[PDB]
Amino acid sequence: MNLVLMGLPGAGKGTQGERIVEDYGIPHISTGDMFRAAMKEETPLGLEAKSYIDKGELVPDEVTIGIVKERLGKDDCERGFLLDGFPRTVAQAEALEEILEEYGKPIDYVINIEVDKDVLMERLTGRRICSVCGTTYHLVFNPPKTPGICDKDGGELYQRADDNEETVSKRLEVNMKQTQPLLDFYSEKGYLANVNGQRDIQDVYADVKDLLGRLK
């Protein structure tokens, strides 16, 4: 199963992707997570990406395409994969098309998780992330069993650096500009499937499961 999840900041790509990987065992590849892991490990990649990430701007296509090409070439991906947050520009989509021919693994679906732009700020300012595994919670919409710690591993939950109001505004602006072009690109390819992500997590996942159940 070759999948791509797309959506505006805070729409719920990670929340739905974790559910997909637990049902299908494919690797969950999020470029955002890769960038934050790089920053945490203080690598050259982390240094390069941090500037854009802190501003809520897109990390340049070249370096981003490069780490995805490398990542998809790993053995854990020979049985399928779940891209999350990549591609997010038409240029990245065209590049992904080329890359997948190489690794002989064309896209089955590009799932677009649609949530009103006006309710995303609340999704992000109320978000808490696990410092250990990266899973996310929400103070109101999906709270951890115990405040301050992850259900799975007890790690401390914190607020992602770019989830501040100022940065979210830039993130929304930047990605909204990229949204129609990406939808048009995949609609034409026929890989696109829009899902209403502004409902309970389970209702959203049910619709997603429906789609994936159609693939061999």
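Note that residue numbering follows the sequence shown and begins at 1.
Note on 88-96 vs 107-115: mean CA B-factor is higher in 107-115. Two stretches are in play, 8-16 and 198-206, and the higher mean C-alpha B-factor belongs to 198-206. Based on the entry's C-alpha B-factors, the most elevated value among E156, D162, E70, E48 belongs to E70. Remark: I26 belongs to the highest third of its chain, ranked by C-alpha B-factor as recorded. Ranked by Cα temperature factor within the chain, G190 sits in the highest third according to the deposited record. The entry lists a Cα temperature factor for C133 that places it in the middle third of the chain's modelled residues. Residue-level temperature factors show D33 in the lowest third of its chain, judged at the C-alpha atom. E173 sits in the highest third of its chain by CA B factor, as recorded in the PDB entry.
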